[PDB]
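The chain below stands alone, shown as structure tokens; this is the form deposited in one PDB entry.
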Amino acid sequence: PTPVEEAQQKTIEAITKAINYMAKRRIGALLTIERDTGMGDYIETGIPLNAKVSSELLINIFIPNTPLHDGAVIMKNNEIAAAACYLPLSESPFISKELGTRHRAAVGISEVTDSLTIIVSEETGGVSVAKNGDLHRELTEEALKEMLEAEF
């Protein structure tokens, strides 16, 4: 594997470990991974981090009742670019009515970019992904990992 490929693999591992921990504890989370459509306008709404990605940092960001926990984390390649970012809310009727603002923000950004967003529900611990305007719910750990590996 090239260094770029190894680094990607270390980022996926960090992301999946953090999401798995938060799902178990019902820690709400909203994590958008920038792809080929630039997310600069949404990164500038948040607190800048420009940090190396770790499972530990991702977890600490989303602990309830803390300064960084509300809003989205936006990742650019192997960095956490910013936290507490604003994303636009989708009006799609295919978002389950019981879902709150994190899921609607995730679908929202996914309608205007090619990003992949991961959502952990604070109600149920369920893991979802928003991509291309669609929300995919109740993901197993394996499903999520495969989704991330496919996103490369």
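Note that the rigid core is defined as the largest set of C-alphas that superpose within 1.5 Å between two forms. All residue numbers are counted from 1 along the displayed sequence.
Fitting each structure in 9 other deposited structures of this protein onto the rigid core and averaging C-alpha distances over structures and residues, 92-100 emerges as the more displaced of 107-115 and 92-100. Comparing 50-58 with 63-71, the stretch with the higher mean C-alpha B-factor in the PDB entry is 63-71. Of the two segments, 125-133 and 138-146, the one listed with the higher mean B-factor is 138-146 (C-alpha atoms only). Sort the chain's modelled residues by C-alpha temperature factor and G108 lands in the lowest third, per the entry.
Missing here is the form solved in complex with a small molecule; even so, the following discussion is about that form.
In the deposited complex, at least one heavy atom of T140 sits within 4.5 Å of the small molecule. The closest heavy atom approach of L99 to the small molecule in the deposited complex falls outside 4.5 Å. For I19, a non-hydrogen atom is located within 4.5 Å of the small molecule in the deposited complex, even though that partner is not displayed. At the 4.5 Å threshold, heavy atoms of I27 reach the small molecule in the deposited complex.
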